[PDB]
Each structure stands twice: as C-alpha cells, then as structure tokens.
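There is one chain below, alone, in structure tokens, taken in the form deposited in one PDB entry.
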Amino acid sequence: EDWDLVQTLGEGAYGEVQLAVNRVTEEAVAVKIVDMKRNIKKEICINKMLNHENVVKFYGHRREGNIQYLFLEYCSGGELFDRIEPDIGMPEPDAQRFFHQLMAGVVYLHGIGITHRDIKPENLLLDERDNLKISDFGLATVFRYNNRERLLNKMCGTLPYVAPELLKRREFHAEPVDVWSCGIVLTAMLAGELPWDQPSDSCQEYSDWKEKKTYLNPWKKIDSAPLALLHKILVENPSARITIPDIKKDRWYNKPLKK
C-alpha cells in the first residue's frame, strides 16, 4: 500500500483529489488531500458510516502530518458533468438510468439519517460499468439521529442546485433540499442547461418556472413525461414537493426506455 500519485482528478474547495495506483497490485484509488492549516473530521466520520453501490466507497485515511489523506473508490468514468452535452444534454434512456441510481443512492443516505447537501453533476461520478456514485461528503451532515429529525439552518451548496427554502427560510428539512438538487440534476441531464442562477423571487428565469411558462428553454427541450415529474420536484413549498417514495411512483420514472 505505497501508492504513486498520478493525475489530479480535481478540487471542489476542501482539498485536491489524486488518482493513486498501487506500486505492486496496481489497484487504482482516489486520494483526497487536505492541509489542516493552509467540518473535515465530519467528512471522515460520515464516510465511515457509508456502504452503498451508489455512494463512493470509503477505504480509509492516514493523517501523516499537516495533510489529511482520504482513500476513496475510483470512478474511471469521471463526473456525470461530462456526459451532459452543453444545451442538449444526453439521451433520455441514460438520463433516467443515472436518476434511478441517484435516487437509489439518496434513498440510502436519507434512510441512514445522512443528507449530502451538494447534489450536482460534478459530485456524481461514473465507474467502469457506467454506474453513478455519490461523492464528496465535505458538506454532508446527520439530519435524523436516535430517530429524531433535526432541522438544518446552515446555508451551503451550489446556488443553481439549492432549494428555495434554503434562501427564504431560517431552518428547513434536509430531505426536500436533496430532492430539489436531484430535480435540477434531471433538468441539466435532459436539457444540458441550468434553468436559473439561484431559486430566488428576484430572478426572471425562476419567476417564469413558478408561472409554468414551460414554453421557454430549458423546459421546451424536455418531453412531457419527465417534464411532469420535474413540476412535482421543483415545487417551492417543501411540504408540497414530492418525496422519493412517490418519485418511485411517477410515470416517467417507471417508463421503459433503457436496454
């Protein structure tokens, strides 16, 4: 287990990720790297709990100095960001498949009291058999514990993926914030466009969404079956907004498309 660091796979904010190949067995891994001088104990801890085929497999960590090394699964397929052609998206049969695995993944976390708080195509990586993994638990947090649900109030994410409640309320439920970002990943995948800067009332493109002006981009690039689902996801009232159990019922979600 003396790995050589090869290519830089990217840095969200917290630290740099390298591909690391093992000298002797050649097992490829991803090493996240974080300089605790130039929140992060919590990422390790959350990664210790996780075990699903749609979450990036945590392998371990060694401190060894000022740096912190996370040993994570390797997604040779890279980010879902790159399967989205800008302004067109990707074929509807693959869009669905990745949404099935996103939904799978998120059910799992949400079922173990964990919310990601940054679902976005750059944090959905694809492996060798093109399976979607949820990555980066830097902004993750427990919302349910001892079967008590706690509200989050701390604002974090990426504006275009964030839910309105999070701009407009002082505390909010964690599940709906992740269903929203899942809905915006579905928009991205099907239209290849983010629909708005951020879901504020001050924003034309969002005001048009609440006004059901579905004749505009990026909504006119989407078929009425997945478009119906989206209407149910980007509801502005998180108690009105569809749940994951009920997205599993949606017509588009169960429409046969993918071989």
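Numbers follow the displayed sequence, beginning with 1.
Keep in mind that the form deposited with a partner chain bound is missing from the display, and what follows is about it.
Not displayed here, its partner chain is approached by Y69 to within 4.5 Å at the level of heavy atoms in the deposited bound form. Looking at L5, you'd find a heavy atom of it within 4.5 angstroms of its partner chain in the deposited bound form.
The closest non-hydrogen atom of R62 lies within 4.5 Å of its partner chain in the deposited bound form.
Only one segment in the set 97 to 105, 180 to 188, 83 to 91, 69 to 77 has residues whose heavy atoms sit within 4.5 Å of its partner chain in the deposited bound form; it is 69 to 77.
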